[PDB]
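**Student:** this one's experimental. Sequence and coordinates below.
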2 protein chains.
Amino acid sequence: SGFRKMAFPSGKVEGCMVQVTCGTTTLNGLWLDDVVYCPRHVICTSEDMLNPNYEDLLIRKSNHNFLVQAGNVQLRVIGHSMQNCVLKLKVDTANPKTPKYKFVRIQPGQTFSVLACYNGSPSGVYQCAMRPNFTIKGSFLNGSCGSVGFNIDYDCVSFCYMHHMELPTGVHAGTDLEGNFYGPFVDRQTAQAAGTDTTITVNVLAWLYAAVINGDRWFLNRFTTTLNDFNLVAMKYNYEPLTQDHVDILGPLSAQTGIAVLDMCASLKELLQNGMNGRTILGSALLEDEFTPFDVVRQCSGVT
Amino acid sequence: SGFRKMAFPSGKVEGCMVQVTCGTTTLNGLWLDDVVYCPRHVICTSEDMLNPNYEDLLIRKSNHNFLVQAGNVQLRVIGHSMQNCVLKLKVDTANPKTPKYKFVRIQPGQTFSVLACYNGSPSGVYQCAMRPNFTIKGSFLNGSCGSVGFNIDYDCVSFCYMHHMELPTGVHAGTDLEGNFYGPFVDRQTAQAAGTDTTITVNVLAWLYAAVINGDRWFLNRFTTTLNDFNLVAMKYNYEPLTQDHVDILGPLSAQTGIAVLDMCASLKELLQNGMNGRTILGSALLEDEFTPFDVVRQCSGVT
Ligand SMILES: *CC(=O)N1CCC[C@@H](c2nc3ccccc3s2)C1
Ligand SMILES: *CC(=O)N1CCC[C@@H](c2nc3ccccc3s2)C1
């Protein structure tokens, strides 16, 4: 029993984190096989942080201008390229701790763990979601760039995120590991406004199921609703629309708890319409939207 | 910017987790040097889970009755003893991944990371506090026993907790790594009621400082108070008393933010007396008490 905001063990990703220095700029890299992935803004000289032309900036850089340090040993860079907003540094040594890995672009609502790093040294691990406005509400100081988000499937690390940006509102923008930004964000020191941070309705429902499963049931009402009706209420409260895909994905939680998805929808509707009245659900005064259905099943079944 | 409930990287503790089987009972062990630490209730045969005499139960056990599996290789047990509520199994092989480690008994209010494990395989990592009633609000299924709580100081793992018990109210009781339970709990299937789960006042204050530091300032009031006055209010709201030690420990946060500790006390008092009025602080509708002052400084300074 008990439900916790839980990250994947970080061990496999700790073994991949290196320091990358270009001139006086230092941030974190990801060493997989003989390639080190890092944000290309490592090449920005504390001056061109406004309107960089990365192609032109890069012409001035050589293999030997990129300093890669894994523990307290330097890696030899034998090649470098730009793919979108990342640099791939070819090193002469394969990372001996390279786990089974993929690179995957996640959708909004998807949760992942972040290993926050400084000078290639990991400092902490937290659980995140990709927000519907393609930001993440991270924790990231200066030098945290190149820190990565990931999911683990048994022994395979799916890398979904690399850290690049803090928006002036203190939320976070980053790329997949092909260096394509999630959302409309650019690696440029420019007014960039995030859109509406809507609540991930499907994740709230999974977490309401997680609560029932752990004994917190006070919010279970006598009512049901329809997808159309529920969705009028969602719209009003800045909740993402519920699709038949969301209902299908919740099936197993529905099954295990014997609460129809649409019944749980009607419970959510009342909690939105009436608030918590000073009560809590799994020790929270608001509705948590950063556990997926897949996350709840994992933590309510002890998957490793 | 951004403040997150952050665990230590789990890598160093992942490398210590093994499976321990006695008869048909399996749970997790901690392999440091040539010793495997596990909860002694590994010896309870799905029947004596009510009134075990561990000394007598243990007479019937031999070195070869304890099956220790590290990855998919078995360790040879060359000795076994009981220290309080843990077993120490001497194996013939030193753990090659044994980090620098201590064993430390923490005080209530102290935070630590838990690597939740099943059959010696780690499934997730979360941040905890030792509650003033000496419980922890964990997430733990069957087979999670022997999962450990820890702090990391640079490269030294201070192990503070080993998991043993779920109380009938779904909170968690465990031992330090000398096998002494935190609080009055016993490794026995018996009515055990936890006491009053009070709020860790010092941790709430640190987290209010963390908020100021991250831009959430709406709750900063025009008032101050005294330790005595504030403590009348704390008492009424089931908050732990604030000592001069707590004030001293908050000094540096006070310094960095230029908000006197007692001024922040008066802000807390108003939030207790008036509630949140539907607002949030660092994306929370209640007052978080599971970040220590030491935790805030770490995450608001990028320590690795
Ligand atoms: C996020 C981090 O740790 N960084 C440290 C190295 C330089 C820094 C940059 N931020 C920007 C923003 C816009 C353009 C260029 C750069 S470099 C990233
Ligand atoms: C917590 C866990 O994973 N366990 C699995 C192995 C046996 C189980 C026990 N619980 C109790 C409680 C009271 C007395 C004896 C035992 S064995 C622990």
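**Tutor:** All right, it came through fine. Numbering: from 1, shown residues only, chains lettered A, B, ... in the order given. Ligands and ions are numbered 1, 2, ... in the order given.
**Student:** is residue A:204 in a helix, a strand, or coil?
**Tutor:** Three-state call for residue A:204 (DSSP: H, G, I helix; E, B strand; the rest coil): helix.
**Student:** just give me the neighbour total for it.
**Tutor:** By other Cβ atoms under 10 Å in any protein chain shown, the residues close to residue A:204 number 24. For every residue, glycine as well, the C-beta is placed using N, CA and C.
**Student:** pretty sure it sits against residue A:290.
**Tutor:** No - assessed by Cβ atoms under 8 Å, residue A:204 is found out of contact with residue A:290, at 9.8 Å.
**Student:** residue of the stretch 151-300 of chain A nearest chain B, please.
**Tutor:** Taking Cβ to the nearest Cβ as the measure, the stretch 151-300 of chain A has residue A:285 as its residue closest to chain B, at 3.1 Å.
**Student:** secondary structure element for residue A:37?
**Tutor:** If you go by DSSP states H and E, residue A:37 is part of strand A:35-39.
**Student:** residues in contact with that strand?
**Tutor:** Contacts to strand A:35-39, defined as Cβ atoms under 8 Å, 6 or more residues apart in numbering or on different chains, come from residues A:18, A:20, A:27-30, A:68, A:75, A:77, A:85-91, A:145-146, A:162-164, A:175, A:177, A:187.
**Student:** so which of those belong to strands?
**Tutor:** Among the contacts of strand A:35-39, the members falling in strands are A:18, A:20, A:27-30, A:68, A:75, A:77, A:86-91, A:162-164, A:175 (criterion: DSSP state E).
**Student:** of the residues you listed, buried ones?
**Tutor:** Among the ones in strands among the contacts of strand A:35-39, those classed as buried by neighbour count (16 or more other Cβ atoms under 10 Å in any protein chain shown) are A:18, A:20, A:27-30, A:68, A:75, A:77, A:86-91, A:162-164, A:175.
**Student:** the residue of chain A most remote from its centre: what secondary structure?
**Tutor:** Here chain A reaches farthest from its C-alpha mean at residue A:222, the gap being 36.0 Å by Cα atoms, centre = their mean. Classification of residue A:222 using three-state DSSP returns coil.
**Student:** for chain A, which segments count as strands?
**Tutor:** According to DSSP E, the strands that chain A contains are A:17-22, A:25-32, A:35-39, A:66-70, A:73-75, A:77-83, A:86-91, A:100-103, A:111-118, A:121-129, A:148-153, A:156-166, A:172-175.
**Student:** so which bits of the longest one are buried?
**Tutor:** Within strand A:156-166, the residues scored as buried using 16+ other Cβ under 10 Å are A:157-166.
**Student:** list, one by one, the residues from the stretch 101-250 of chain A near ligand 1.
**Tutor:** Within the stretch 101-250 of chain A, the residues that sit near ligand 1 (Cβ under 6 Å from any ligand atom) are A:142-145, A:187-189.
**Student:** report the two of those residues separated the most.
**Tutor:** A:143 and A:188 (19.4 Å; Cβ to Cβ).
**Student:** who has more neighbours, the two?
**Tutor:** Applying other Cβ under 10 Å to residue A:143 and residue A:188 shows that residue A:143 carries more neighbours, namely 20 against 15.
**Student:** just want the residue of chain A that's nearest ligand 1.
**Tutor:** For chain A and ligand 1, the shortest gap (Cβ to the nearest ligand atom) falls at residue A:145, measuring 2.9 Å.
**Student:** send the alpha carbons of the strand holding residue A:37 over as CSV?
**Tutor:** Coordinates of each C-alpha in strand A:35-39 appear next as CSV, following Å, rounded to 0.1, in the frame of the first residue of the first chain:
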residue,chain,number,x,y,z
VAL,A,35,28.8,8.9,-29.5
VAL,A,36,28.3,11.8,-26.9
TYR,A,37,24.9,13.6,-27.3
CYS,A,38,24.7,17.2,-25.9
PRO,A,39,22.7,20.4,-26.6
